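S.K.: As you go down the protein sequences, you meet chains A and B in turn. Quick note, the first sequence lines up with residues 299 to 338, 350 to 716 if you use the entry's author numbering. Quick note, the second sequence lines up with residues 299 to 338, 348 to 718 if you use the entry's author numbering.
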Amino acid sequence: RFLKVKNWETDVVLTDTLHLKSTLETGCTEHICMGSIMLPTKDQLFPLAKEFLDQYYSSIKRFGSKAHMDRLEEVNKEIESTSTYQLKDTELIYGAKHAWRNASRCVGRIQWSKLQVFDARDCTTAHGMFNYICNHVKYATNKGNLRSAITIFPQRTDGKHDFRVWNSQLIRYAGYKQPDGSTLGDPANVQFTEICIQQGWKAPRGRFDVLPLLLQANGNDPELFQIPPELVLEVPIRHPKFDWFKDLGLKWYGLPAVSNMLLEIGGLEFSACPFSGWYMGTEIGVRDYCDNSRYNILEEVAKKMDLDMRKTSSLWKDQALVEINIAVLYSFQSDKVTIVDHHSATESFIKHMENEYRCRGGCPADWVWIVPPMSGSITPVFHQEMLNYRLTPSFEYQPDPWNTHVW
Amino acid sequence: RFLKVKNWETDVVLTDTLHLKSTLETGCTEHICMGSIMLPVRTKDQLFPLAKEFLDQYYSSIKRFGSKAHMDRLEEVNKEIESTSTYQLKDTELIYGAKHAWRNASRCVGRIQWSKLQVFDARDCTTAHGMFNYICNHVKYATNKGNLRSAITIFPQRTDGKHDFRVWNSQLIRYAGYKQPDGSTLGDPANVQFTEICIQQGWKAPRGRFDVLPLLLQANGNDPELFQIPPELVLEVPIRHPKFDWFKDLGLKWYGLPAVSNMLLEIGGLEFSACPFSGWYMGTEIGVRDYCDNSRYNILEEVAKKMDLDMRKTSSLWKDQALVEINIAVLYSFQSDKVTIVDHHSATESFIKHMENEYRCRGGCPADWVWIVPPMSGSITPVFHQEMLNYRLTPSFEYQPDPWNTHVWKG
Ligand code: HEM
Ligand code: HEM
Ligand SMILES: Nc1ccc2ccc(CNc3cccc(F)c3)cc2n1
Ligand SMILES: Nc1ccc2ccc(CNc3cccc(F)c3)cc2n1
Ligand SMILES: C[C@H](O)[C@H](O)[C@H]1CNc2nc(N)[nH]c(=O)c2N1
Ligand SMILES: C[C@H](O)[C@H](O)[C@H]1CNc2nc(N)[nH]c(=O)c2N1
Ligand SMILES: [Zn+2]
Numbered sequence: 299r300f301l302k303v304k305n306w307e308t309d310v311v312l313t314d315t316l317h318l319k320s321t322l323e324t325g326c327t328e329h330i331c332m333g334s335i336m337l338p350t351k352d353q354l355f356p357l358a359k360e361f362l363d364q365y366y367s368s369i370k371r372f373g374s375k376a377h378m379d380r381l382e383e384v385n386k387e388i389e390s391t392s393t394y395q396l397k398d399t400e401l402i403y404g405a406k407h408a409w410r411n412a413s414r415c416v417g418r419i420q421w422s423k424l425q426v427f428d429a430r431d432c433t434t435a436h437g438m439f440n441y442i443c444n445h446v447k448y449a450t451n452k453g454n455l456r457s458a459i460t461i462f463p464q465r466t467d468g469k470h471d472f473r474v475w476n477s478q479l480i481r482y483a484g485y486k487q488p489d490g491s492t493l494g495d496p497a498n499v500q501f502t503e504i505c506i507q508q509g510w511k512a513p514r515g516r517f518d519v520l521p522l523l524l525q526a527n528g529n530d531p532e533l534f535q536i537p538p539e540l541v542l543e544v545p546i547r548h549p550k551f552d553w554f555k556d557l558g559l560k561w562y563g564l565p566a567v568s569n570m571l572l573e574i575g576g577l578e579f580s581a582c583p584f585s586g587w588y589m590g591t592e593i594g595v596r597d598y599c600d601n602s603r604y605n606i607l608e609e610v611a612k613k614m615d616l617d618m619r620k621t622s623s624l625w626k627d628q629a630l631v632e633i634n635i636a637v638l639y640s641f642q643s644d645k646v647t648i649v650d651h652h653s654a655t656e657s658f659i660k661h662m663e664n665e666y667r668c669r670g671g672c673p674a675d676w677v678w679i680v681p682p683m684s685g686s687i688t689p690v691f692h693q694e695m696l697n698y699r700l701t702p703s704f705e706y707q708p709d710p711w712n713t714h715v716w
Numbered sequence: 299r300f301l302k303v304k305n306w307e308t309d310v311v312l313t314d315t316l317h318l319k320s321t322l323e324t325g326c327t328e329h330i331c332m333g334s335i336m337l338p348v349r350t351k352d353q354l355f356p357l358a359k360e361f362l363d364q365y366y367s368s369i370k371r372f373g374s375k376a377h378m379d380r381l382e383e384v385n386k387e388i389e390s391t392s393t394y395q396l397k398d399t400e401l402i403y404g405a406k407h408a409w410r411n412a413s414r415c416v417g418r419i420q421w422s423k424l425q426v427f428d429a430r431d432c433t434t435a436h437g438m439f440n441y442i443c444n445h446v447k448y449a450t451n452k453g454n455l456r457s458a459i460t461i462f463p464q465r466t467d468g469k470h471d472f473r474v475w476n477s478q479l480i481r482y483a484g485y486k487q488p489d490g491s492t493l494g495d496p497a498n499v500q501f502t503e504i505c506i507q508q509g510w511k512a513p514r515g516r517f518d519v520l521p522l523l524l525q526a527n528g529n530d531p532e533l534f535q536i537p538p539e540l541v542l543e544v545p546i547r548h549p550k551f552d553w554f555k556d557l558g559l560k561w562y563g564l565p566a567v568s569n570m571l572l573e574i575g576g577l578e579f580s581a582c583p584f585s586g587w588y589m590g591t592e593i594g595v596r597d598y599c600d601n602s603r604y605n606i607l608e609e610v611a612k613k614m615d616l617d618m619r620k621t622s623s624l625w626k627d628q629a630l631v632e633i634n635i636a637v638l639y640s641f642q643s644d645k646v647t648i649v650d651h652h653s654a655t656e657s658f659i660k661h662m663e664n665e666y667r668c669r670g671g672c673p674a675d676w677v678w679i680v681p682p683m684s685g686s687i688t689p690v691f692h693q694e695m696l697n698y699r700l701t702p703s704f705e706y707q708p709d710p711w712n713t714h715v716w717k718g
């Protein structure tokens, strides 16, 4: 019941008690592990609020206090009365920082307590949402010196008045299906680049067109807004050796801002809560650039390197994969835009695990996601045993709006 | 109950029913996943159902389920158990069990080869000397002058746990590790503790960077004995790089035959504590883990220095770069010497095909994603994007405690 994790590279053993506070489920059973599966009323609400408020008041060392008991009382009243309740700004901030702290798939959590929270709960319209999002983007971008932020739109009420950002990230590149049959731009966003035009967007049919925001306020039809280009920081990608690299025509945006997730605090559901940090270099160079179902530029880059692409045994994909990732990092760094390499970030995570085990008694972590998509075993996390479990507050996945929107 | 796995690269969805025939536990619960934990004397009481379960499996495979031959064999085994408290497998059953243990090995990317396993029945063995002979023959057969063949040699099953056959080596062929007084290590740091035991057991160590360890062999629960594998039987490959001529001068070589000797084979409740098995290497095993792990030979530094890389900032990816060339060198050297080896791209690609075939013909293929995905270049192999289900089927290979920790010394 009191669990240990061993690091096989350093013999360091940590003991995990935190997992016993776990409330949600994993998909796994004693008979089968689903560790590699990508996505496995008034009554419900007060215990949920209670547990949250209890951990909140314990964190400020006022567990079992007047204010504590009073707040529980006050929240208990408001639920009984209104069937929902509203968070204090203090609780909202604590809640958000903690959903990030608890995101078992996030390698970047060492920075969890340094989140800028923007309370956008007074928002009523898509234009309103657009305004808050532009403010978020400008604030987080910070001329290249990136700062983590989240902007929180009103909480779900009856699932009819939902606030939703339809973009999966605030900033993504368009992708267009061709008569040629191939794909121009980012193939991940073909369907979204369609719905944008299917709702009125005028695509400049390019390779790296910044997609328009599709914003849904109070469960209404979504509206298209173009983010001011001067707010979208992009990095042209060159290699610190191969000057043919610039010719490839590649760039990427500085601000990774995940916008499709659902933030759950004390039972309350924030369906629109776009958040942003900064990139680990592999996200762009390994996944965004070299994934088969993405920009898949491996074959081209290898050719330009004149590699023996005849046999897989030459490891030409590996060679190029490395150079590509060297270039992403080099471009960002030279352009003074925040980025972290997978070595630095994984090392930071181990230190953070150490810290969390020490000061909190554990740190939930999904090894399948924490290990970088390249050079896995030359990073410390590879040899780190991890325990995966779900704590609240949390970020959860949620259905794509176009499958759900009661139009 | 049906279960589905999706490949996010190809959108291929598959349906698992095989997980239903799963008995053993995972370590996971509804409230915690222990998917990245490395490792999470038996009565007749529970022996009959394990025997029966196995024999039912066996007679279905040969399409004789419920036949008279099936029934009599159940009766035969039942009788032998209540009379003797254990039982003996037929040759046919032993061969079936060993192959299926491999087929069920959820952490093995090489399972496409599962049905082509050479089973050596060493159950008539009685002494360490006999064990040495059987192993010598295994090594020679499997090695096959560089054209490697999968084999497993099976020594007598456990009885009371006091007469165990064990091979004390973790692999039949492995290099010595020596701790120096200055704290540096000479050779393979993975094998320091085992090297010490050997030395204490009377081994005269050459103390070089690539000394082949002697076999330490335990028969019938007696104290282990030291044997030197004939060097002519140990096939080795000098590591060079196709473009880098300074690479030969690094002084590296590796042995051709990966032959794991410390696992336990379970078949119908029977426990085979000595069952060394061998296949061939995937390049990354040597090139990534054996050479470049910090806790191993750890040559990244020296290789990177010789390539003149920027080693001042980690963001130069010098480690990543040096890692690739080292793995290129391993593949190149092995192929150049006509010693069987497989690259991680070929191996994972073949595994996806095997896995798909298994879902179709068997209703599933248990797979441990954490182990199946190669330790470099993960997402540029098809297994990375492949959802998998992990569950335990028998027959199976299991871990077991190191013998020096449990052994009662005779003297
Ligand atoms: C500040 C620097 C940050 C870095 C370097 C970072 C890094 C990463 C990486 C590499 C992943 C793997 C995702 C993938 O490969 O597709 C990830 C996932 C994730 N991150 Fe972080 N992150 C950062 C900030 C944040 C912030 C500010 C939040 C929330 C407020 C957050 C929450 C999450 C969540 C919930 C996931 C998993 C999402 C899912 O399940 O799909 N991260 N992060
Ligand atoms: C024939 C070519 C083979 C290849 C290329 C291959 C490949 C691999 C690799 C790369 C691993 C991961 C081990 C690590 O990274 O440390 C593994 C694990 C494993 N292999 Fe295979 N293998 C082969 C044959 C065999 C055979 C013949 C058997 C048994 C008869 C076997 C049984 C296992 C088992 C039980 C594991 C899991 C070990 C553990 O849990 O520690 N393999 N294999
Ligand atoms: N660098 C970062 C920072 C935060 C992240 C949060 C989530 C994810 C997961 N990727 C993701 C999830 C949903 C939509 C999407 F477009 C990407 C990656 C991150 N990557
Ligand atoms: N190429 C192969 C073939 C079979 C294998 C079987 C097991 C393992 C796991 N590694 C291992 C297990 C026990 C001792 C040891 F030294 C290595 C790797 C394999 N690697
Ligand atoms: C913690 C984790 O279980 C451990 O480091 C694993 C990771 N995956 C692995 N995968 C393979 N193939 N071989 C290994 O030794 C390991 N080590
Ligand atoms: C099948 C598997 O769950 C899927 O490909 C995962 C593997 N690990 C990952 N890890 C990260 N960081 N991001 C991902 O998208 C994925 N994809
Ligand atoms: Zn699990």
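Quick reminder that beta carbons are idealized off the backbone N, C-alpha and C, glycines included.
According to DSSP, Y588/B sits in a beta bridge with which residue or residues?
M.R.: Along the second sequence, read from residue 1 onward, the residue named residue 588/B stands at position 281. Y588/B is bridged to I648/B.
S.K.: Grab me the residues of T713/A's own chain with a C-beta within less than 8 Å of its C-beta, minus the 5 sequence neighbours each way, in chain order.
M.R.: Along the first sequence, one-based indexing puts residue 713/A at 404. Answer for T713/A: no residue qualifies.
S.K.: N305/A touches chain B at which residues, Cβ-Cβ below 8 Å?
M.R.: For the purposes of this step, residue 305/A is identified with residue 7 of the first sequence, where counting begins at 1. Simply none; closest approach about 10 Å.
S.K.: Based on DSSP bridge pairs, tell me the residues matched to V544/A.
M.R.: What you label residue 544/A is simply residue 235 of the first sequence in a count that begins at 1. According to DSSP, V544/A bridges with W561/A.
S.K.: Can you find a C-beta in chain A that's less than 7 Å from the C-beta of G685/B?
M.R.: For the purposes of this step, residue 685/B is taken as residue 378 along the second sequence, with counting starting at 1. Yes, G685/B lies at the interface with chain A (some Cβ there is under 7 Å from its Cβ).
S.K.: Buried or exposed for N605/A, going by 16 or more other Cβ atoms inside 10 Å?
M.R.: The residue you call residue 605/A lines up with position 296 of the first sequence. With fewer than 16 other Cβ atoms within 10 Å, it is exposed.
S.K.: Can the beta-carbon of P681/A be found less than 7 Å from the beta-carbon of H651/A?
M.R.: Along the first sequence, read from residue 1 onward, the residue named residue 681/A stands at position 372. Along the first sequence, read from residue 1 onward, the residue named residue 651/A stands at position 342. It is a contact, given that the beta carbons lie within the stated cut-off.
S.K.: Give a yes or no on whether 7 Å exceeds the smallest Cβ distance from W676/A to chain B.
M.R.: Here residue 676/A is taken as the residue at index 367 of the first sequence, counted from 1. It does; some Cβ of chain B falls within 7 Å.
S.K.: Examine the Cβ distances between the segment 312–319 of chain B and the segment 653–671 of chain B and report whether three or more of them are shorter than 8 Å.
M.R.: Flag = yes, the segment 312–319 of chain B and the segment 653–671 of chain B touch.
S.K.: Taking 6 Å as the cut-off, does the CB of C331/B come closer than this to any heavy atom belonging to ligand 1?
M.R.: Position 33 of the second sequence, counted from the start, is the residue given in the question as residue 331/B. No - ligand 1 has no heavy atom lying nearer than 6 Å to the Cβ of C331/B.
S.K.: Around the C-beta of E592/B, are 16 or more other C-beta atoms found within 10 angstroms, so that it is buried, or is it exposed?
M.R.: Mapped onto the second sequence, residue 592/B falls at position 285. It counts as buried.
S.K.: Cutting at 7 Å between CB atoms, please list the residues of its own chain near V544/A, excluding the five before and the five after it.
M.R.: In the first sequence, residue 544/A corresponds to position 235, counting from 1. If we look at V544/A and ignore the five residues flanking it on each side, its Cβ neighbours are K560, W561, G563, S640, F641, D644 and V646.
S.K.: Which residues in the same chain as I402/A place their Cβ atom closer than 7 Å to its Cβ, once the five residues preceding and following it in sequence are excluded?
M.R.: Sequence index remark: in the first sequence, residue 402/A carries index 93 (1-based). So the qualifying residues of the chain are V426.
S.K.: Could you tell me which residues DSSP puts in a beta bridge with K304/B?
M.R.: Looking up residue 304/B in the second sequence gives position 6. Note: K304/B sits in a beta bridge opposite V311/B.
S.K.: Looking at C-beta atoms only, is the number of pairs between the segment 503–520 of chain A and the segment 404–414 of chain A that lie closer than 8 Å three or more?
M.R.: As far as the Cβ criterion goes, the segment 503–520 of chain A does not touch the segment 404–414 of chain A, which means the pair count is below three.
S.K.: List the endpoints of the continuous beta strand (DSSP E) containing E323/B.
M.R.: To locate residue 323/B, count along the second sequence from 1; it is residue 25. Neither: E323/B is in no beta strand (DSSP E) and is coded neither H nor E.
S.K.: Could you check where the beta strand (DSSP E) with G494/B kicks off and where it finishes?
M.R.: Counting from one through the second sequence, the residue named residue 494/B turns up at place 187. Taken as a continuous stretch (DSSP letters only), the beta strand (DSSP E) holding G494/B covers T492 to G494.
S.K.: Exposed or buried, what is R481/B when buried is set at 16 or more other beta-carbons lying within 10 Å of its beta-carbon?
M.R.: Start at 1 with the first residue of the second sequence, and residue 481/B comes out as number 174. Its Cβ being crowded by 16 or more others within 10 Å, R481/B is buried.
S.K.: Tell me whether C432/B counts as near ligand 7, meaning its Cβ is closer than 6 Å to at least one heavy atom of that ligand.
M.R.: Here residue 432/B refers to the residue found at position 125 when the second sequence is read from its first residue. No, since every heavy atom of ligand 7 falls outside the 6 Å radius drawn around the Cβ of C432/B.
S.K.: Is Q478/B near ligand 4, judged by its Cβ being under 6 Å from some heavy atom?
M.R.: Position 171 of the second sequence, counted from the first residue, corresponds to residue 478/B. Checking the Cβ of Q478/B against ligand 4 gives yes.
S.K.: Residue ranges of each beta strand (DSSP E) run of no fewer than 3 residues wholly in the segment 437–468 of chain B, ordered along the chain?
M.R.: Entirely contained in the segment 437–468 of chain B, the beta strand (DSSP E) runs reaching 3 residues are, in chain order, 458–461.
S.K.: Identify the continuous beta strand (DSSP E) that holds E705/B and give its terminal residues.
M.R.: As a working mapping, residue 705/B is identified with position 398 in the second sequence. Segment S703 to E705, the beta strand (DSSP E) holding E705/B.
S.K.: Taking CB distances under 7 Å as the criterion, tell me whether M695/B reaches chain A.
M.R.: Translated into positions along the second sequence, residue 695/B becomes position 388. Cβ-Cβ to chain A under 7 Å: yes for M695/B.
S.K.: Suppose the cutoff is 6 Å on Cβ atoms and the five residues either side in sequence are ignored; what does the same chain contact list for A526/B look like?
M.R.: On the second sequence, position 219 is the one that residue 526/B refers to. So the list reads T434, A435, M438 and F472, once near-sequence residues are dropped.
S.K.: Can you have a look at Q628/A and say buried or exposed, based on whether 16 or more other CB atoms are within 10 angstroms of its CB?
M.R.: As a first step, residue 628/A is located in the first sequence; it is residue number 319 there, counting from the start. So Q628/A counts as buried.
S.K.: I want to know whether the segment 671–678 of chain B touches the segment 537–552 of chain B - three or more CB-CB distances under 8 Å.
M.R.: The answer is no - the segment 537–552 of chain B does not touch the segment 671–678 of chain B, with fewer than three Cβ pairs under 8 Å.
S.K.: For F551/B and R516/B, what's the separation of their Cα atoms in angstroms?
M.R.: Walking along the second sequence from the start, residue 551/B turns up at place 244. Walking along the second sequence from the start, residue 516/B turns up at place 209. Taking the straight line from one Cα to the other gives about 22 Å.
S.K.: Nearest by alpha-carbon distance to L577/A: which of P565/A, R514/A, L357/A and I635/A is it?
M.R.: Translated into positions along the first sequence, residue 577/A becomes position 268. Checking every option, the nearest Cα to that of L577/A belongs to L357/A.
S.K.: In chain A, which residues lie with their C-beta within 8 Å of the C-beta of residue 276/B?
M.R.: This structure cannot settle anything about residue 276/B, because the visible part of chain B is limited to 299 through 718.
S.K.: Using DSSP with H/G/I as helix, E/B as strand and the rest coil, what is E573/B?
M.R.: As a working mapping, residue 573/B is identified with position 266 in the second sequence. Strand.
S.K.: Step through the CB atoms of chain B and report whether any lies within less than 7 Å of the CB of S413/A.
M.R.: Residue mapping note: residue 413/A aligns to position 104 of the first sequence, counting from 1. No, its Cβ sits nowhere closer than 7 Å to a Cβ of chain B.
S.K.: Using only Cβ atoms and a threshold of 6 Å, which residues come within that distance of a heavy atom of ligand 6? Order them by chain position.
M.R.: The filter returns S334/A, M336/A, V677/A, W678/A, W306/B, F691/B, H692/B, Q693/B and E694/B, in chain order.
S.K.: Roughly how many angstroms separate the alpha carbons of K359/A and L571/A, rounded to a whole number?
M.R.: Your numbering for residue 359/A matches position 50 in the first sequence. Your numbering for residue 571/A matches position 262 in the first sequence. Distance between the alpha carbons of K359/A and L571/A is about 20 Å.
S.K.: Using a Cβ-Cβ distance under 7 Å, would residue 729/A count as near chain B?
M.R.: Given that chain A is displayed from residue 299 to residue 716, the structure contains no residue 729/A and the question cannot be resolved.
S.K.: With DSSP collapsed to three states, give me the class of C668/A.
M.R.: Locating residue 668/A in the first sequence gives position 359, where the first residue counts as 1. Helix, per DSSP.
S.K.: Can you name the start and end residues of the alpha helix (DSSP H) that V426/B belongs to?
M.R.: Position 119 of the second sequence, counted from the start, is the residue given in the question as residue 426/B. Not the alpha helix (DSSP H): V426/B falls in the beta strand (DSSP E), residues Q425 to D428.
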